[PDB]
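Only one structure is covered here, and it is reproduced in the block below.
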Amino acid sequence: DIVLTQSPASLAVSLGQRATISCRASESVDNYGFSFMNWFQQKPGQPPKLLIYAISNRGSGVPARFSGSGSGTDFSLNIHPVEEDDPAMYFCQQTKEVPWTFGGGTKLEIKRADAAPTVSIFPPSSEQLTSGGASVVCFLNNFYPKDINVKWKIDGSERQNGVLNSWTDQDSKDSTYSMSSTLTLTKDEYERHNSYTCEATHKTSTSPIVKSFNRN
Amino acid sequence: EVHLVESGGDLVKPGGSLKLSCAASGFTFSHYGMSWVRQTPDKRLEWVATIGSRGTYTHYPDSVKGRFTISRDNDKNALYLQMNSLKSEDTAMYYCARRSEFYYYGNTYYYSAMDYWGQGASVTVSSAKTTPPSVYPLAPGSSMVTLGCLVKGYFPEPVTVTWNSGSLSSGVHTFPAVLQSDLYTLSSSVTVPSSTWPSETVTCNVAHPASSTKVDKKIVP
Amino acid sequence: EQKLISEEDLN
């Protein structure tokens, strides 16, 4: 086996700037004058797409913004300038011999201006309720950077059980991230207490953004 | 133009078997060698199989060596992947791809450049039972409003969420499902103007192919 | 020149 090491693991670049992802190989991929180095672009929810083949050849429909360079055991992908459409996963594959191994992948994100999250809080649904269930959903949408924190307070006290968090990938239109937090409780445990609060703390402020509701 | 469509994805208990098919079109199938590449939850892509154009030469990585076998029917423009003795580790997204060789300055070389891929076929190897999900609407507690759908207690992945059958695309956020003691759960949120809702309907379409499910929960105030 | 091709155009 010939394993490839991709660096960095992730990357944040402003619009118009240059993005430079590297790929290093175990053994030499050179041969006949070229190298079996290939780059793919995988946007979330989609199958990887061929970007480059044989070190520097662009795939069909791949703009000159993308270029490959390198020889022997060292190669890199270059994107200049970077556009809104690029945030995605990038792998470097080798085909000089079986197995044809893919690099670990490099995540590319657009670096933009900070944005405060838009918080919403939803009470268990009438159905989930008359089923013996109670889940409080809290949405923290379109914010930047990715790093954020949420806390759940019931009648004024943090809670660290029954909470499920899920982040979306960087949006392509507004480069913002979103997160979903869900507090799941029993119907009686829910009717027991009364005031449920969702508390977010983002770099865009020291004062937490809180949203809540009374079971009343 | 070039179109590859996969099928046959499903849940399978360990030691089982599955046969993935890949419908090819928009190019002379018989002139190219196809392949199969799978991707696990950790995102890593792993080449699994490849067959020659005529379908005489085939090869696999020590990974699925002996359990998998690639085949093709050029008369039916189709690629196949038979999987046996399925481990849980084989759970992943399976893609088929066309291969192209290389023309380097006046000579030709086998290259194995996968220039086209199918949408993929999710394959899960787990002893766990198949459970439809529970679809719960999420409306505001008390110029724009955010709504959402809750999808809890289903297995295995995946499920497909949609709002107003695709009419609502922007302002939507469908989050990755989370694993909780052999039961995934995920939510989706859509933000729209207070003008369209509740003045106009807002419904999410969910679907679990693993258990032939398909719920359409209209969100109500 | 550099380009991808079918296995058939290979020989």
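Identifiers in this document derive from the order of the structure tokens: chains are assigned A, B, ..., residues are numbered from 1 separately in each chain, and ligands are numbered from 1 in order of occurrence.
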
Quiz item: Contacts of residue A:8 at 8 Å or less, counting only C-alpha atoms, minus same-chain residues fewer than 5 places along, as a list in words?
Solution: residues 21, 22 and 106 of chain A

For the residues selected in the previous step, produce a file with N, CA, C and O atoms as a PDB file, in the first residue's frame.
```
ATOM      1  N   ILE A  21      -3.953  23.355  -0.804  1.00  0.00           N
ATOM      2  CA  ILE A  21      -4.017  22.073  -0.116  1.00  0.00           C
ATOM      3  C   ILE A  21      -2.871  21.192  -0.588  1.00  0.00           C
ATOM      4  O   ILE A  21      -2.574  21.152  -1.776  1.00  0.00           O
ATOM      5  N   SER A  22      -2.228  20.486   0.337  1.00  0.00           N
ATOM      6  CA  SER A  22      -1.097  19.625  -0.008  1.00  0.00           C
ATOM      7  C   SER A  22      -1.419  18.149   0.125  1.00  0.00           C
ATOM      8  O   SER A  22      -2.368  17.780   0.808  1.00  0.00           O
ATOM      9  N   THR A 106      -9.293  17.251   2.620  1.00  0.00           N
ATOM     10  CA  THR A 106      -9.079  18.554   3.214  1.00  0.00           C
ATOM     11  C   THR A 106     -10.367  19.348   3.092  1.00  0.00           C
ATOM     12  O   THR A 106     -10.907  19.508   2.000  1.00  0.00           O
TER      13      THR A 106
END
```

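Backbone DSSP assigns strand (DSSP E) in stretch 191-220 of chain B to residues 191, 192, 193, 203, 204, 205, 216, 217 and 218 of chain B.
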
Residues as selected, N, CA and C atoms, written as a PDB file, in the first residue's frame, can you do that?
```pdb
ATOM      1  N   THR B 191     -37.220  28.624   7.123  1.00  0.00           N
ATOM      2  CA  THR B 191     -37.638  29.969   7.504  1.00  0.00           C
ATOM      3  C   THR B 191     -38.316  30.632   6.311  1.00  0.00           C
ATOM      4  N   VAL B 192     -39.498  31.193   6.553  1.00  0.00           N
ATOM      5  CA  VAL B 192     -40.268  31.859   5.506  1.00  0.00           C
ATOM      6  C   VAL B 192     -40.931  33.126   6.040  1.00  0.00           C
ATOM      7  N   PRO B 193     -41.424  33.984   5.136  1.00  0.00           N
ATOM      8  CA  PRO B 193     -42.073  35.214   5.591  1.00  0.00           C
ATOM      9  C   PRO B 193     -43.397  34.904   6.286  1.00  0.00           C
ATOM     10  N   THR B 203     -45.597  22.069   4.653  1.00  0.00           N
ATOM     11  CA  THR B 203     -45.544  20.660   5.002  1.00  0.00           C
ATOM     12  C   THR B 203     -44.199  20.050   4.654  1.00  0.00           C
ATOM     13  N   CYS B 204     -43.711  19.165   5.516  1.00  0.00           N
ATOM     14  CA  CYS B 204     -42.443  18.510   5.240  1.00  0.00           C
ATOM     15  C   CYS B 204     -42.710  17.083   4.788  1.00  0.00           C
ATOM     16  N   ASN B 205     -41.931  16.641   3.814  1.00  0.00           N
ATOM     17  CA  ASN B 205     -42.055  15.296   3.297  1.00  0.00           C
ATOM     18  C   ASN B 205     -40.845  14.521   3.792  1.00  0.00           C
ATOM     19  N   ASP B 216     -46.105  13.017   5.566  1.00  0.00           N
ATOM     20  CA  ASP B 216     -46.181  14.408   5.133  1.00  0.00           C
ATOM     21  C   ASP B 216     -46.879  15.228   6.223  1.00  0.00           C
ATOM     22  N   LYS B 217     -46.126  15.614   7.254  1.00  0.00           N
ATOM     23  CA  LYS B 217     -46.671  16.390   8.374  1.00  0.00           C
ATOM     24  C   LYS B 217     -46.846  17.875   8.108  1.00  0.00           C
ATOM     25  N   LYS B 218     -48.087  18.300   7.932  1.00  0.00           N
ATOM     26  CA  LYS B 218     -48.373  19.710   7.709  1.00  0.00           C
ATOM     27  C   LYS B 218     -48.192  20.423   9.042  1.00  0.00           C
TER      28      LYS B 218
END
```

Quiz prompt | Distance-based interface of chain A with chain B, 6 Å, counting only C-alpha atoms, as a PyMOL selection string | solution = chain A and resi 47+50+99+122-123+166+168

Mind dumping the selected residues with N, CA and C atoms as a short mmCIF file (atom, residue, chain, number, x, y, z; two decimals), in the first residue's frame?
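Final file, part.cif:
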```
data_model
loop_
_atom_site.label_atom_id
_atom_site.label_comp_id
_atom_site.auth_asym_id
_atom_site.auth_seq_id
_atom_site.Cartn_x
_atom_site.Cartn_y
_atom_site.Cartn_z
N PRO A 47 -21.64 13.01 -4.81
CA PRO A 47 -20.56 12.06 -5.10
C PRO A 47 -19.31 12.86 -5.46
N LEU A 50 -14.34 14.68 -10.24
CA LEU A 50 -12.96 14.70 -10.72
C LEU A 50 -12.53 16.12 -11.07
N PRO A 99 -3.53 -0.98 -3.96
CA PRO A 99 -4.83 -0.32 -4.08
C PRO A 99 -4.64 1.14 -4.43
N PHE A 122 -38.87 25.72 20.09
CA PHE A 122 -40.15 25.07 19.82
C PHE A 122 -40.55 24.06 20.90
N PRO A 123 -41.83 24.08 21.31
CA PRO A 123 -42.35 23.17 22.33
C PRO A 123 -42.69 21.82 21.73
N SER A 166 -26.65 19.06 16.36
CA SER A 166 -26.29 18.78 14.98
C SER A 166 -25.99 20.03 14.15
N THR A 168 -24.80 21.97 10.59
CA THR A 168 -24.91 21.84 9.15
C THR A 168 -23.55 22.22 8.58
#
```

Quiz prompt | Test item: residues at most 12 Å from residue A:179, only C-alpha atoms, excluding those fewer than 2 positions along its chain, as JSON, numbers by chain | solution = {"A": [117, 118, 119, 120, 137, 138, 139, 140, 141, 142, 143, 144, 145, 146, 147, 148, 149, 150, 164, 165, 166, 167, 168, 169, 170, 171, 176, 177, 181, 182, 200, 202], "B": [173, 174, 175, 176, 177, 186, 187, 188, 189]}

Export, as a JSON list (two decimals), in the first residue's frame, the selected residues with C-alpha atoms.
```
[["chain", "number", "residue", "atom", "x", "y", "z"],
["A", 117, "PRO", "CA", -27.07, 33.24, 15.43],
["A", 118, "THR", "CA", -30.82, 33.54, 14.94],
["A", 119, "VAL", "CA", -32.35, 31.54, 17.79],
["A", 120, "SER", "CA", -35.77, 29.86, 17.86],
["A", 137, "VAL", "CA", -36.32, 21.81, 19.62],
["A", 138, "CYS", "CA", -34.01, 24.80, 19.46],
["A", 139, "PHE", "CA", -32.61, 26.23, 16.21],
["A", 140, "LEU", "CA", -29.47, 28.38, 16.04],
["A", 141, "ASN", "CA", -29.24, 29.45, 12.40],
["A", 142, "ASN", "CA", -26.96, 31.28, 9.99],
["A", 143, "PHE", "CA", -24.05, 32.29, 12.23],
["A", 144, "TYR", "CA", -20.28, 32.48, 11.82],
["A", 145, "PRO", "CA", -17.77, 31.12, 12.85],
["A", 146, "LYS", "CA", -18.74, 27.48, 13.35],
["A", 147, "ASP", "CA", -17.91, 27.38, 17.06],
["A", 148, "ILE", "CA", -20.92, 27.90, 19.27],
["A", 149, "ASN", "CA", -22.39, 26.70, 22.55],
["A", 150, "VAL", "CA", -25.84, 25.92, 23.85],
["A", 164, "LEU", "CA", -28.86, 16.22, 20.82],
["A", 165, "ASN", "CA", -26.79, 18.64, 18.74],
["A", 166, "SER", "CA", -26.29, 18.78, 14.98],
["A", 167, "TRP", "CA", -24.32, 21.26, 12.84],
["A", 168, "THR", "CA", -24.91, 21.84, 9.15],
["A", 169, "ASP", "CA", -22.07, 22.30, 6.67],
["A", 170, "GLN", "CA", -21.07, 25.81, 5.68],
["A", 171, "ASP", "CA", -23.86, 27.22, 3.57],
["A", 176, "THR", "CA", -23.06, 30.72, 7.49],
["A", 177, "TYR", "CA", -23.40, 27.66, 9.71],
["A", 181, "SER", "CA", -30.29, 21.32, 19.55],
["A", 182, "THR", "CA", -32.96, 19.01, 20.86],
["A", 200, "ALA", "CA", -26.68, 30.25, 23.13],
["A", 202, "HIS", "CA", -21.42, 32.86, 20.43],
["B", 173, "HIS", "CA", -31.64, 23.57, 7.08],
["B", 174, "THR", "CA", -31.70, 19.78, 7.30],
["B", 175, "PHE", "CA", -29.21, 18.63, 9.91],
["B", 176, "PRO", "CA", -27.12, 15.43, 10.05],
["B", 177, "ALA", "CA", -28.85, 12.67, 11.99],
["B", 186, "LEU", "CA", -32.52, 14.48, 12.89],
["B", 187, "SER", "CA", -34.43, 17.70, 12.37],
["B", 188, "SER", "CA", -35.00, 20.14, 9.57],
["B", 189, "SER", "CA", -35.91, 23.82, 9.73]]
```

Self-check item: Exercise: residue B:89 partners within 12 Å, only C-alpha atoms, chain neighbours under 6 positions left out, as number ranges by chain
Solution: B: 12-15, 38-42, 63-64, 123-126

Deliver the residues from the most recent selection as a file, using N, CA, C and O atoms, as a CSV table (one decimal), in the first residue's frame.
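Saved as result_14.csv:
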```
chain,number,residue,atom,x,y,z
B,12,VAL,N,-28.7,-4.8,5.9
B,12,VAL,CA,-28.3,-6.2,5.8
B,12,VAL,C,-27.7,-6.6,7.1
B,12,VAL,O,-26.8,-5.9,7.7
B,13,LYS,N,-28.1,-7.8,7.7
B,13,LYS,CA,-27.5,-8.3,8.9
B,13,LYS,C,-26.2,-8.9,8.6
B,13,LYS,O,-26.0,-9.4,7.5
B,14,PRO,N,-25.3,-8.9,9.5
B,14,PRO,CA,-23.9,-9.4,9.3
B,14,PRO,C,-24.0,-10.8,8.6
B,14,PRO,O,-25.0,-11.6,8.8
B,15,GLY,N,-22.9,-11.1,7.9
B,15,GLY,CA,-22.9,-12.4,7.2
B,15,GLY,C,-23.9,-12.5,6.0
B,15,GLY,O,-24.0,-13.6,5.4
B,38,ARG,N,-16.6,3.0,-2.3
B,38,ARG,CA,-17.5,3.2,-1.2
B,38,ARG,C,-16.9,4.3,-0.2
B,38,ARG,O,-15.7,4.5,-0.2
B,39,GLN,N,-17.8,4.9,0.5
B,39,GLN,CA,-17.4,5.9,1.5
B,39,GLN,C,-18.1,5.7,2.8
B,39,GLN,O,-19.4,5.6,2.9
B,40,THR,N,-17.3,5.6,3.8
B,40,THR,CA,-17.9,5.4,5.2
B,40,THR,C,-18.2,6.7,5.9
B,40,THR,O,-17.9,7.8,5.4
B,41,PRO,N,-18.8,6.6,7.1
B,41,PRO,CA,-19.2,7.9,7.8
B,41,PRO,C,-18.0,8.8,8.1
B,41,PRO,O,-18.2,10.0,8.2
B,42,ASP,N,-16.8,8.2,8.2
B,42,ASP,CA,-15.7,9.1,8.4
B,42,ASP,C,-15.2,9.8,7.2
B,42,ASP,O,-14.1,10.3,7.1
B,63,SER,N,-9.2,-5.6,0.9
B,63,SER,CA,-10.3,-5.3,1.7
B,63,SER,C,-11.4,-6.4,1.4
B,63,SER,O,-11.6,-7.3,2.2
B,64,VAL,N,-12.2,-6.2,0.4
B,64,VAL,CA,-13.3,-7.1,0.0
B,64,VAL,C,-12.9,-8.3,-0.9
B,64,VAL,O,-13.7,-8.9,-1.6
B,123,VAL,N,-25.4,1.6,2.1
B,123,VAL,CA,-25.4,0.2,2.5
B,123,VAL,C,-25.1,0.1,4.0
B,123,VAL,O,-24.0,0.5,4.4
B,124,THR,N,-26.0,-0.5,4.8
B,124,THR,CA,-25.7,-0.7,6.2
B,124,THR,C,-25.8,-2.1,6.6
B,124,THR,O,-26.8,-2.9,6.3
B,125,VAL,N,-24.8,-2.6,7.3
B,125,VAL,CA,-24.7,-3.9,7.8
B,125,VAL,C,-24.8,-3.9,9.4
B,125,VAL,O,-23.8,-3.6,10.1
B,126,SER,N,-26.0,-4.1,9.9
B,126,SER,CA,-26.3,-4.1,11.3
B,126,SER,C,-27.4,-5.1,11.6
B,126,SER,O,-28.4,-5.3,10.9
```

Practice problem: Compute the set of chain C residues within 10 Å of chain A, using only C-alpha atoms, and express it as an NGL selection string. | Solution: :C and (2-4)
